[PDB]
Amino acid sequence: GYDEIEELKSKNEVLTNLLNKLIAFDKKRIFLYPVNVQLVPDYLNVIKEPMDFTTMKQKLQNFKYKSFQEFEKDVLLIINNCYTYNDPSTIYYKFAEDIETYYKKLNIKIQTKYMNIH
């Protein structure tokens, strides 16, 4: 009903705002789009569950996230895919450590705002 969809739309704004903050933090847009297999041929040989912020945006648009954990799962998948694929000597790896540090500074407060709606 009306209350269920209003809750969904309000929970979506909370997740959209957190996602937008993660996209803005990613200045070089390293996680904004799917890794191009034409430039990185072995990426899917290494990464079983690829994820990016544009995919996450498309999921929010379809109201595909029905829990904070579903959202957080994709965030940490983006970060952990970066640690799995790249060497720690690369900037990609440092970028993943920085977004993980930034995300961990935000997540507790965003998770509360999310839960209060229900």
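Note that residue numbering follows the sequence shown and begins at 1.
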| item | value |
| --- | --- |
| Residue range whose averaged C-alpha B-factor is higher in the record, 75-83 or 58-66 | 58-66 |
| Stretch exceeding the other in mean C-alpha B-factor - 20-28, 6-14 | 6-14 |
| Third of chain Cα B-factors occupied by residue 88 | highest |
| Third of the chain, ranked by Cα B-factor, where residue 105 sits | middle |
